[PDB]
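Undergrad:
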Ligand SMILES: CC(C)(C)OC(=O)N[C@@H](Cc1ccccc1)[C@H](O)CNC[C@@H](O)[C@H](Cc1ccccc1)NC(=O)OC(C)(C)C
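Chains as they are written, first to last, in PDB author numbering: chain B, 1 to 99; chain A, 1 to 99.
1. Please confirm if residue 87 of chain A has its CB atom under 7 Å from at least one CB of chain B.
2. Quick check on the contact list: which residues have their beta carbon closer than 6 Å to a heavy atom of ligand 1?
3. Pick from B:51, B:41 and B:58: whose alpha carbon is nearest that of residue 56 of chain A?
4. Does chain A have any CB closer than 7 Å to the CB of residue 94 of chain B?
5. Expressed to the nearest angstrom, what Euclidean distance is found between the alpha-carbon atoms of residue 31 of chain A and residue 37 of chain B?
6. What does the alpha-carbon distance come out to for the pair residue 27 of chain A and residue 86 of chain A?
7. What does the Cβ neighbour count give for residue 10 of chain B, buried or exposed, with the cut at 16 atoms within 10 Å?
8. Which residues in chain B sit within 7 Å of residue 75 of chain A, going by Cβ to Cβ distance?
9. Can you name the residues of chain A whose CB is closer than 8 Å to the CB of residue 49 of chain B?
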């Protein structure tokens with residue numbers, strides 16, 4: 001696909017046969033998902049965004065599917081208002097910015 | 001051009017006769033820049049990011065060159081760790097997300 005920016009670039013993700021809405025964010029280095037209980041150990045972490053930091057839990061090697069394109073990597077889970085797919089995952093699906 | 005995301009999508013912009021580096025951010029609805037004295041009449045505004053709200057000065061109808069492409073629109077000036085080019089200006093330059 002070719003996603004236009006007239007509207008926020010919100011797509012469907014599948015994180016364990018759960019369809020989830022998430023934003024493709026080129027501005028984000030990391031992937032941040034809404035509070036969820038994932039099996040596995042996590043590492044405490046504080047991530048900064050415009051505005052300040054938020055405390056998140058870090059999970060390694062999560063598999064997510066972005067428009068039926070698989071990506072596997074680190075995800076931070078915390079109280080975000082929106083799921084954010086960051087460049088750590090977008091690089092996996094071959095995502096580019098073209099102008 | 002075709003920007004890959006192995007690294008942050010940093011481009012050089014020209015604004016108010018100043019060359020600056022800014023991130024192309026499909027996650028941002030608006031363009032927020034580092035503190036600067038741009039010419040004109042501004043209005044205070046508050047905008048939220050993942051860590052909470054910040055106060056910005058809003059400047060309308062400002063000319064900005066992104067990789068030599070012309071864009072004229074709103075620019076928010078405020079306490080940001082990085083200059084960010086949002087979707088109000090990425091659409092003007094014809095940028096897309098592709099995979
Ligand atoms: C998500 C996270 C991993 C925490 O990365 C950033 O927030 N990265 C910042 C850049 C940054 C680096 C270092 C320090 C501070 C900021 C990008 O603007 C992220 N794209 C912005 C996008 O996530 C956010 C989506 C959003 C919107 C509203 C609420 C919550 C979240 N929009 C965003 O902040 O938009 C404005 C900049 C216009 C405020």
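Built from N, CA and C at the ideal position, the CB exists for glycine as well.
TA: Taking the geometry as given:
1. Your numbering for residue 87 of chain A matches position 87 in the second chain. By this cut-off, residue 87 of chain A is an interface position.
2. B:25, B:27, B:28, B:29, B:30, B:32, B:47, B:48, B:49, B:50, B:81, B:82, B:84, B:86, A:25, A:27, A:28, A:29, A:30, A:32, A:47, A:48, A:49, A:50, A:81, A:82, A:84 and A:86
3. Along the second chain, read from residue 1 onward, the residue named residue 56 of chain A stands at position 56. Nearest option by C-alpha distance: B:51.
4. Translated into positions along the first chain, residue 94 of chain B becomes position 94. Yes, because at least one Cβ of chain A sits closer than 7 Å to the Cβ of residue 94 of chain B.
5. Here residue 31 of chain A corresponds to residue number 31 of the second chain, with the count starting at 1. Here residue 37 of chain B corresponds to residue number 37 of the first chain, with the count starting at 1. Straight-line Cα distance between these residues: approximately 34 Å.
6. Position 27 of the second chain, counted from the first residue, corresponds to residue 27 of chain A. Position 86 of the second chain, counted from the first residue, corresponds to residue 86 of chain A. About 7 Å.
7. In the first chain, the residue the question calls residue 10 of chain B occupies position 10. The residue in question, residue 10 of chain B, is exposed, as its Cβ has fewer than 16 Cβ neighbours within 10 Å.
8. Looking up residue 75 of chain A in the second chain gives position 75. None at all; the shortest Cβ gap to chain B is about 15 Å.
9. As a first step, residue 49 of chain B is located in the first chain; it is residue number 49 there, counting from the start. Ordered by position in chain A, the residues that pass the 8 Å Cβ test against residue 49 of chain B are 49, 50 and 51.
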